[PDB]
Structure formats: structure tokens, C-alpha cells
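A short write-up of the structure that comes next.
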Amino acid sequence: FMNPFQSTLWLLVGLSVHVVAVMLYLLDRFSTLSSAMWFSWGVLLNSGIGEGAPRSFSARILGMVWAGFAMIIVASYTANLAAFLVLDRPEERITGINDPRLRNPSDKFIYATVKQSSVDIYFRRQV
Amino acid sequence: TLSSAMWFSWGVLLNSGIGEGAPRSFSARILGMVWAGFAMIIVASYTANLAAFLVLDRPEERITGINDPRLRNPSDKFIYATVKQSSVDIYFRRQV
Amino acid sequence: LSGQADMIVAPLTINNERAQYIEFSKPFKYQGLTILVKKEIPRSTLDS
Amino acid sequence: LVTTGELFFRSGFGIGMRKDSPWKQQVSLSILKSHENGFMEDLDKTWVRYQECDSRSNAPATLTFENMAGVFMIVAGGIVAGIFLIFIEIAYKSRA
Amino acid sequence: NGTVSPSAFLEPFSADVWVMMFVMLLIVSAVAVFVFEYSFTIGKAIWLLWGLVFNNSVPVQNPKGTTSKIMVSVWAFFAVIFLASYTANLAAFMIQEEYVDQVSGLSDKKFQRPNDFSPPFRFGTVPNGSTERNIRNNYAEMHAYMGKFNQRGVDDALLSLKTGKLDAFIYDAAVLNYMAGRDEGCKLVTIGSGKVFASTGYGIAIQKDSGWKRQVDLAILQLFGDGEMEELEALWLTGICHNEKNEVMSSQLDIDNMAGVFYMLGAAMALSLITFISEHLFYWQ
Amino acid sequence: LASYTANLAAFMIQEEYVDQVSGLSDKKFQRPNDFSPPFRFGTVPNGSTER
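Chains as they are written, first to last, in PDB author numbering: chain G, 554 to 584, 602 to 697; chain E, 602 to 697; chain S, 506 to 553; chain B, 746 to 841; chain X, 542 to 579, 599 to 845; chain W, 643 to 693.
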């Protein structure tokens, strides 16, 4: 619900949706509140419900910009969700014996081996 | 009719929102269902493949300095030079 | 060394073959050696 | 042209001059003063680092007009064919 | 934590194809009107076209002419291709986006005067050293202000800056580079891609007017020339992770990186409302 | 739909490849003749692997 987003954005988009519905309703009434709100909601979530239509040309402009805004929101959400599923943690790991973490470990790296074996001679026999 | 079926089948694939009609039998319903599924899966696959192609970039040689095996053991198809009588030729001769 | 000039204000490197004859001042720019190689040309969108 | 690899034989520059001369201490002090004050930072910003087109490694490009032909030329051909088919249909409708 | 890209929603599809698609809308609307000529209106046609190109969100009424259906279908194909390409390009740009350090350098507005800005841009340095002397003479006022947050150790300063109590640090380049490359991860970075100011160097101080300087200098230069110093660097002054074009991740799409769309929406709504109010007097007249 | 498209796009980046031949015990080497494409492999004679 909110992994590739923030709650503040959800509240802001809800408030903007209601404000747009109010603005279109006022514009229609000046020269249909249910029709405006249902049209805006149906545009937002891409649903076939709602048969209302605007009349004034200005309302046509708001409808066009609303459709563009919904399209850009959906596309950005999908792209960002895709981007999060590939870029994981770097997860650095020891390369081998040449990793600097092995030469001089102070207190947070303890590495051991089996006592009296064939590997102890290898370390002891090199200065 | 033939024309109505063709219009519906084209519109459902192309997402055109055109045509008037609907199937009546209870098997044509499933046929239209799988047809819509085919359209959706083909569109999603197209988008995903285009996105994948628009990201991955083929690498190249990109010589990594003086420890690269291309420089250390030279062949007849890789020639590299430097200006003569400088501080570079001295550094490449004082060593063994 | 032939008395013709008195300063070599120029891109002169510092090493051990020269520093036995002339005296170098403190460096005014640090650097090293680096390879330079030509680069290829990227791809395009082909047939859309 | 691009630059690769890592720096080796990191030895700086210098102002050469003969072994016996009275300018050595003053010249070294003047160069050190110019470094500490900030004059060389101004000098570098004007003659060596005025910057030009970058190279980067990935360079994600923006989709320009280079892909337009196979879409808008297709649209133009389609509308021309639609005009032709409209003419054909209006001719055939009179017959039947 | 995050990435800076306020123009992400407009970075793909530069403003050269939008005009092309617009003039395409007008030209196909005109040709469709001409075809339908031999209850139609240009407003319904343009509304249908604009709604169709944007994922068919607007429930518009479709025409009835047979020739119009072909144009509608080909436009639908064009719109589907358009949307697919746009989504792919936006994903590609979002994956490959990079990050830039907040401060450009020492000589910057954020450092020159912090009093006329957000809550104070806290910084400091350990006193009794060359860095304090270098800072004092060039910028007296910064030394006057900075003399409130002074630590007594590199480790303490790193610990304090890790927890957010401090937000900047000024010290020698070599020790800072080593600390950045050998910490618990490398969530710490140095501003600029390896930037150094007032580069001087290190040295071996000797007594005045002695007879040892020539031999020591020649020996050091021989060590440099013979190649017995690069391995020393690799052994004693190396790190784990490389701070070169990391671009770790970003999330939550905060309003800082997206306010452009709402600003444009508000401007368009205001313009439409103003022109709607203006049209009333023309209609009355 | 958004999640499905994102997951498919993410998966297509990760897609690796699998070697054509499993090993030397594969049926392609055992029965070369009964394959529509003519399989052919060669070795340097007068050595040790051939023996």
C-alpha cells in the first residue's frame, strides 16, 4: 500500500481530488456535485462507472489535465516499484586473503581454524 | 455478425473502447476471458522487454591499468607508445 | 648545465636520474601516469 | 577520447634550476605561499578546469525524435489508406 | 537518504515530440471532421482523442462513421505504444539516477554565512593544528562562528556526526579518506569526487642546515622510483568500498522530488478558472 | 497490474542463461545420428584424450 510512497502524499492526493471535485462542481453550477465527484474518481482509478460529462470548455481543460495527472501518477508508481525490486543492498563480502579486513582486525572480526592441522603450518611457515 | 465480432476482437486487443455487442453463450464468455488475458499478457511482456533492452549495456575491454594481461604479454595486434626521451622511458628501463 | 639558461619553468617531472644534478623546488601540481584509449559509439532505438 | 586506469608513479611537478643559486629558499617560500593563500585554486579554475561535455559511464539518454519515423509516418500512411478506403466504400455503397 | 531529481516526470521524452503529437491531434481531428461531413462536433472528437491517448480514462462517446473506426483504431495503437515506451523510459531513468553532494565546496553560500538560512549549518574542527591556522586567516568570521563546536578526537567527531548531532567536518585529507574507506559500511562520503583544497603534502622535518638532507631526499626519491611504494600503499592505506557512482536507492517519493506536477496542475487550474471568468463578460456583451 | 508489470520487468533483468549441453553423458553425444540437425564435434588426433 505505501512501500513505494509516503502517507503524506496519500493524504495530499485525497485532498487534491476533493478540491478538484469541488472546483468542477462550482464551475458547473456557476454557469452536479455528484456527477463531478464520480467523474473525478472514475478518472483517477480508471473505472468504467459514471456517465457524467462536462459542459463548459474550461471544464474540458480541467478534465484533460486531470487525465494527464492520473496517467503520470500511475506510470511513476509502476516505474518506482519496478526500480525498488532490482536495486538491493550492496552486500559486501570478503574477497579472500587480500581483503584488508583480514590483515589487521582490531576487535570486531575474529576468525579461527582447527587446531594442529595442515593449515596452521601454512601460516606459521611464512613471515 | 461478422463485422461486430471483428470490431469487438480488434478493440479488446487494441484497447480502443469501440464497438457494440457481447457474447451470448456460456463458452464464448470464457473465450473472451482468455482473449483479454492474452492481450494483457502480450502488452505487459512488450513493456517489460522494452524496459529491459533500454537499460542493459554491453561492456568492453576497458584496460584496468598496468596489471592488465594485455599490456604485460604483448601480441602483434596491440601497439602502445610514448614520447621518446622523457620521464616515462626512464621509469620503464630502470626496472627489471 | 651548460650555462645557457637559469630556470626550467615548464612541466618537468621529478625522479632520481635528474635530482642528482639540479635542485628542484616544492611541487606546484601533483599528478601521475595514466593510459588514454579511444572509445566506441553507443547504440540507438533501431526500428521502433 | 576517454581516460582509464589508475595513477602510478605519483611524482609531482617542479621548477628546475642549477645546484648553486641564491633564489632557492625564496622561490620555494613563494610557491608555498601561493598554494596556501588560494591563488593556484583560482588559476586552475580558469586554464585547466573550465569543463566541457562529460563522458560518464551509463549515460541514460532521453528518447528524442530519432524513433519518430516508424510511428508518425505509419500514422500518415494509415490516414491516407483510410481516405482511399472511404472513397472505395462510398463508391461501393451506391451499387449495394 | 534519497535521490534528487525534481524533473523526473519530464526528464524522458524531451519537449520535441509533444508538439508533434499535439499537431497530430489537430490534423486527425480535422480529417475526421472532413470525413464525417461526407450530431458531430470538433469538441467531442478532441475530447475523445485526448482521453484515448491517456489510457482511455475519460468515458467519451464514440463516433459512428465506418471510416472513423480505422482512424480510432490506429490512434489507439499509437497511444498504446506511446504509453508503453514512456513507462519503460521512466523506469530506465529511475534506475540509473545518481546523487550529488549538497555542498559544492568550502567557498559556498552555505559556508560563507549560515545566519540567514535554516537552523544553523553546524560544523567544526579539532583545534591546535594547521587546519585551524589555514581557516583563520582567510575567513576570520567563519573562525569566529565555528569556535563553538570543537571536539578533542577524530573518533569522537565521527561518532557524533554519525548520530546526526553534527552535519559537517573539516580535517586533513588522508586521515579522512582512510576513515571513510574503513568504517562500518561507507554511509560517509567526502564532498566532491575526490576534492582537495590547499594541497600541501607530508614530509620529514629535519634540523636546520644539516648535512643529512641530500642523502635522505635521494633515498626517498629512489624508493619512489624503484616501485617499492605502491605495494606499501596497497598494504597500509587501502579501503573496502569505493565511493564512485553508488546510487544506492530511493523511496517514498516525497513532495520535494515531485512538487512540479502539483505546481503545474495548480497553474493550469488557475489559468482555466481565470479564462472561464473572463469569458462571462464576452458572453454577456 | 502495476505489481505484475514491475515484477516482470525486474525478473527480465535478472534472467541468466543455461548451457546448451549438460555434459558428456548427454543423449546428444550418445546418439548423434538420430537428430535432425547434424551434430559434429572434433578432436586433435594422436594425443591422450582421444585414447
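Virtual Cβ for every residue (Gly too), placed ideally from N, Cα, C.
Apply the 10 Å Cβ neighbour rule to residue i and answer buried if 16 or more other Cβ atoms are within range, or exposed otherwise.
{"i": "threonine 723 of chain X", "result": "exposed"}
{"i": "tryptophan 772 of chain X", "result": "exposed"}
{"i": "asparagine 806 of chain X", "result": "exposed"}
{"i": "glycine 684 of chain X", "result": "buried"}
{"i": "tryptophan 796 of chain X", "result": "exposed"}
{"i": "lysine 629 of chain X", "result": "buried"}
{"i": "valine 620 of chain X", "result": "buried"}
{"i": "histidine 571 of chain G", "result": "exposed"}
{"i": "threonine 518 of chain S", "result": "buried"}
{"i": "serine 628 of chain G", "result": "buried"}
{"i": "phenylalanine 639 of chain E", "result": "exposed"}
{"i": "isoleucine 831 of chain B", "result": "buried"}
{"i": "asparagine 668 of chain E", "result": "exposed"}
{"i": "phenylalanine 754 of chain B", "result": "buried"}
{"i": "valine 573 of chain G", "result": "buried"}
{"i": "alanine 524 of chain S", "result": "buried"}
{"i": "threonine 627 of chain X", "result": "buried"}
{"i": "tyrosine 692 of chain E", "result": "buried"}
{"i": "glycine 763 of chain X", "result": "exposed"}
Our contact map puts residue i next to residue j with C-beta atoms below 8 angstroms; I'd like the distance itself, whole angstroms only.
{"i": "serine 626 of chain G", "j": "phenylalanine 836 of chain X", "result": "6 angstroms"}
{"i": "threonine 683 of chain E", "j": "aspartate 690 of chain E", "result": "7 angstroms"}
{"i": "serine 633 of chain X", "j": "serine 617 of chain E", "result": "5 angstroms"}
{"i": "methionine 702 of chain X", "j": "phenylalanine 671 of chain X", "result": "7 angstroms"}
{"i": "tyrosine 647 of chain E", "j": "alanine 644 of chain X", "result": "6 angstroms"}
{"i": "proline 670 of chain G", "j": "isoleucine 800 of chain X", "result": "7 angstroms"}
{"i": "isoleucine 664 of chain E", "j": "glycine 750 of chain B", "result": "6 angstroms"}
{"i": "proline 553 of chain X", "j": "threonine 807 of chain B", "result": "6 angstroms"}
{"i": "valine 747 of chain B", "j": "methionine 565 of chain X", "result": "Actually they are not in contact, since the Cβ atoms of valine 747 of chain B and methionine 565 of chain X sit about 40 angstroms apart, beyond 8 angstroms."}
{"i": "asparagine 803 of chain X", "j": "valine 749 of chain X", "result": "5 angstroms"}
{"i": "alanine 636 of chain X", "j": "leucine 615 of chain E", "result": "5 angstroms"}
{"i": "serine 610 of chain G", "j": "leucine 579 of chain G", "result": "That pair is no contact at about 13 angstroms."}
{"i": "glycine 633 of chain G", "j": "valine 613 of chain X", "result": "With 8 angstroms as the limit, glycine 633 of chain G and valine 613 of chain X do not qualify as a contact, their Cβ atoms being about 13 angstroms apart."}
Taking only three categories from DSSP, how would you classify residue i?
{"i": "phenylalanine 836 of chain X", "result": "helix"}
{"i": "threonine 748 of chain B", "result": "strand"}
{"i": "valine 684 of chain G", "result": "coil"}
{"i": "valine 574 of chain X", "result": "helix"}
{"i": "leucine 538 of chain S", "result": "strand"}
{"i": "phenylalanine 671 of chain X", "result": "helix"}
{"i": "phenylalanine 784 of chain X", "result": "helix"}
{"i": "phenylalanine 653 of chain W", "result": "helix"}
{"i": "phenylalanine 753 of chain B", "result": "strand"}
{"i": "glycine 620 of chain G", "result": "coil"}
{"i": "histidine 802 of chain X", "result": "coil"}
{"i": "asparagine 650 of chain E", "result": "helix"}
{"i": "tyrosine 762 of chain X", "result": "coil"}
{"i": "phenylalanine 758 of chain B", "result": "coil"}
{"i": "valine 663 of chain X", "result": "coil"}
{"i": "residue 487 of chain S", "result": "In the structure as shown, chain S starts at 506 and stops at 553, and residue 487 of chain S therefore has no counterpart that could be examined."}
{"i": "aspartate 787 of chain B", "result": "helix"}
{"i": "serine 628 of chain X", "result": "helix"}
{"i": "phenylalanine 757 of chain X", "result": "coil"}
{"i": "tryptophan 772 of chain X", "result": "coil"}
{"i": "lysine 678 of chain G", "result": "coil"}
{"i": "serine 810 of chain X", "result": "coil"}
{"i": "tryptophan 768 of chain B", "result": "coil"}
{"i": "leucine 655 of chain E", "result": "coil"}
{"i": "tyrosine 795 of chain B", "result": "coil"}
{"i": "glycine 823 of chain B", "result": "helix"}
{"i": "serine 507 of chain S", "result": "coil"}
{"i": "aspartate 690 of chain E", "result": "helix"}
{"i": "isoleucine 643 of chain G", "result": "helix"}
Discussion item. Across the segment 656-668 of chain X and the segment 545-554 of chain X, are there enough close Cβ pairs to call them in contact, namely three or more that are closer than 8 angstroms?
Written reply: yes
Note to self: I'd like to know if the segment 763-783 of chain B and the segment 516-536 of chain S are in contact, where contact means that at least 3 CB-CB pairs between them fall below 8 angstroms.
What the structure shows: yes
Query - contact_flag[the segment 753-773 of chain X, the segment 818-833 of chain X] where n(CB pairs < 8 angstroms) is 3 or more - result: The segment 753-773 of chain X vs the segment 818-833 of chain X: no contact.
Does the segment 654-664 of chain E touch the segment 645-655 of chain X, meaning 3 or more C-beta pairs lie closer than 8 angstroms?
-> Yes: at least three Cβ pairs fall under 8 angstroms.
Do the segment 698-715 of chain X and the segment 740-754 of chain X meet, that is, are 3 or more Cβ pairs less than 8 angstroms apart? no
- Inter-stretch contact at 8 angstroms, needing at least 3 Cβ pairs: the segment 811-826 of chain B / the segment 779-788 of chain X: no
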